[PDB]
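A.B. asks: Dropping the structure in here first, questions after.
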Amino acid sequence: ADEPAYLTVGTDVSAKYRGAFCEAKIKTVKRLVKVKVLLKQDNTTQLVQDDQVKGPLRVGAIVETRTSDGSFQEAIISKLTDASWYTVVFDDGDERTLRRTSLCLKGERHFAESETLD
């Protein structure tokens, strides 16, 4: 898991702050997906990661997910929202979990201003 699972660990990146760039260094890589599940019984929808969701990651698939009750109920995927936690260490020595969207990798200006979700 502490491997190039999406991107790579140890890599220096820039993270967006309020439309500006800050440098950071990838401490941990977490490849997770935010599965929008909807419980078949309680009809409640939630958006939780594939660690909470036991089963295939397919929209319209039947899985079991951890409800806020701590129980695992059989649910259906209604969406999978991409996610990744790059725990990046900023020059301050602080490391915070940033979703890939905040990571600019090198820092070329197609972030901060530009971003078409591509």
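Starting from 1 in every chain, residues are counted up; chains themselves are A, B, ... following the order of the structure tokens, and ligands are numbered from 1 as listed.
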Which residues are close to residue 106 in chain A, i.e. within 9 Å by only C-alpha atoms, leaving aside same-chain residues fewer than 6 positions away? Reply as a CSV table (one decimal) with N, CA and C atoms, in the first residue's frame.
C.D. replies:
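Okay, this is what ended up in around_30.csv:
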chain,number,residue,atom,x,y,z
A,12,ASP,N,8.3,14.7,-4.5
A,12,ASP,CA,8.1,16.1,-4.1
A,12,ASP,C,7.0,16.6,-5.0
A,13,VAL,N,6.1,17.3,-4.4
A,13,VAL,CA,4.9,17.8,-5.1
A,13,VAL,C,4.6,19.2,-4.6
A,14,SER,N,3.7,19.8,-5.3
A,14,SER,CA,3.1,21.0,-4.8
A,14,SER,C,1.7,20.8,-4.5
A.B. asks: Tell me which of A:97, A:65, A:102, A:49 sits closest to residue 81 in chain A, counting only C-alpha atoms.
C.D. replies: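 Of A:97, A:65, A:102, A:49, the one nearest residue 81 in chain A is A:49, counting only C-alpha atoms.
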A.B. asks: Quick check for you: according to DSSP on this backbone, which residues of chain A are classed as strand (DSSP E)? Reply as JSON, numbers by chain.
C.D. replies: {"A": [12, 13, 14, 15, 16, 17, 20, 21, 22, 23, 24, 25, 26, 27, 28, 29, 30, 31, 32, 33, 34, 35, 36, 37, 38, 39, 45, 46, 47, 48, 49, 53, 54, 62, 63, 64, 65, 66, 72, 73, 74, 75, 76, 77, 78, 79, 80, 81, 82, 83, 84, 85, 86, 87, 88, 89, 90, 95, 96, 97, 98, 99]}
A.B. asks: For a test of reading the model, state the distance in Å between CA of residue 63 in chain A and CA of residue 99 in chain A, rounded to one decimal.
C.D. replies: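 Pair CA of residue 63 in chain A / CA of residue 99 in chain A returns 24.6 Å.
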A.B. asks: From the list A:50, A:115, A:42, A:82, which residue is nearest residue 19 in chain A when using only C-alpha atoms?
C.D. replies: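 Among the listed residues, A:115 lies closest to residue 19 in chain A.
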A.B. asks: Quick one: residues within 12 Å of residue 23 in chain A, only C-alpha atoms, excluding same-chain residues fewer than 3 positions away - as a ChimeraX atom specification?
C.D. replies: /A:11-17,20,26,88-95,102-107
A.B. asks: With distances taken over only C-alpha atoms, which of A:27, A:112, A:44, A:34 is nearest to residue 69 in chain A?
C.D. replies: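 Of A:27, A:112, A:44, A:34, the one nearest residue 69 in chain A, counting only C-alpha atoms, is A:44.
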A.B. asks: Rank nothing, just name the residue among A:36, A:60, A:67, A:10 nearest to residue 24 in chain A, using only C-alpha atoms.
C.D. replies: A:10
A.B. asks: What's around residue 3 in chain A at 10 Å? Count only C-alpha atoms, leave out sequence neighbours fewer than 4 positions away in its own chain, and write the answer as a PyMOL selection string.
C.D. replies: chain A and resi 7-10+28-31
A.B. asks: Within 9 Å of residue 35 in chain A, counting only C-alpha atoms, which residues qualify if same-chain residues fewer than 6 places away don't, as a PyMOL selection string?
C.D. replies: chain A and resi 46-50+52-53+57+59+77-82
A.B. asks: Please determine, counting only C-alpha atoms, which residue among A:66, A:100, A:58, A:18 has the shortest atom-to-atom distance to residue 86 in chain A.
C.D. replies: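 Using only C-alpha atoms, the shortest distance to residue 86 in chain A belongs to A:100.
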A.B. asks: Work out how far CA of residue 1 in chain A is from CA of residue 72 in chain A, in Å to one decimal.
C.D. replies: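 Separating CA of residue 72 in chain A from CA of residue 1 in chain A is a distance of 23.9 Å.
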